[PDB]
Structures are given as C-alpha cells and as structure tokens.
C-alpha cells in the first residue's frame, strides 16, 4: 500500500506555480514546473532533467496529484487525532492520521521491523512544520522511498532539518536554510528552497 508517483517519481522538486531557490542547493533528481518560472539555478544545481512547462512536467504534475488523492483516500491504521508532535517517537509501518497541525522537534524514528517493504503514510490534515536540526531516522529495513508525507495544507522544513520520505503537499513546500531531504518535494503550489540538498530515493 505504497503510492505510485508515476512520471513524478524521478523529481526532487515539482510544483505548478514554480520553484524559487536561494543558495548552493543541490537537487539529485529532476526538477520541474507546469508554470514557467524557476529561479535561483544557479546558484542552485540539479543533477537530472529540468522540465519547464512541457509534456513531462504536465504528466509528472498529474501523477503527483493522483498520488496525493490516493494518499488521502487510504483508511488510517493509526488514528493520532489531535496529537501535535512527531518528535520522540518510533513508528512501525502504518497509515497515520493526524487531524491538525503537527510539528517535528527532535528525532522521529521509522522502524522497518525487519521488513524492507514497510510503508508509512502520514495523513497530515493541515500543516507540517519541522524544527531546526530536527531529524527523521530509518531503522531495521525502513526505506525512505516507502515513506509518504501527505500534507493537507503546506509543509515547512526547519533550518538544517533532515527529512526522509516523499513530501506531497496540497499547497506549498518551503525548505528553510540548510534543510536536507532523502525523498522528494511534490508541491501543489510552489516549492521554495534555501541551500538545500534533496536526493530522490528508489526501491
């Protein structure tokens, strides 16, 4: 019960209303927009293909929204209700449902429990915020590309934070200075970046 990102699966950063970057960002992956503005490359750099307003962009965007729809349609296996904090937890495979704003301060561990095909789907009804130097850790087989952050509004990643997983946001994804991602940023409005490293993971 992982999500298929389709043509989006090679993209480190994808958004309809553009990507804005500052600083020596490195995207180990493709980057695109169905709009026409990318700013800040250079000093940002990507290793893969740039797709600005072309067929790949259109298709990748649509698959990203498809994946988003699926991520929200899954039935939760853990209901976290109003819990506001992710940090300080170890979570095995699951569809975790949170009803409002969540933050990650400290360390969230994802425990593959011995099984590499472990899947996490975080259904975050509203915002995700991670804090400065917060981190997500993988253990016992957990793979980043089997982690899905389904963000009902927008995500903000804290300065020097580290995130594992595919971030699929309904609206904005803003990565603050020095945040690093093993995963992808698939936004419904814009992606903004500052001196980030985003490294697309496979399975």
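Positions refer to the first chain, counted from 1.
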Higher-B stretch (mean Cα B-factor, as the entry records it), 150 to 158 or 31 to 39:
31 to 39
Relative to the other modelled residues of the same chain, rank the CA B-factor of residue 114 and answer lowest, middle or highest third.
highest
Modelled-residue ranking by C-alpha temperature factor, third containing residue 49
highest
For the chain shown, is the CA B-factor of residue 136 in the lowest, middle or highest third of its modelled residues?
middle
Based on the deposited C-alpha B factors for this chain, I'd like to know if residue 17 is in the lowest, middle or highest third.
highest
Report the third (lowest, middle or highest) to which the CA temperature factor of residue 130 belongs, ranking only the modelled residues of the same chain.
lowest
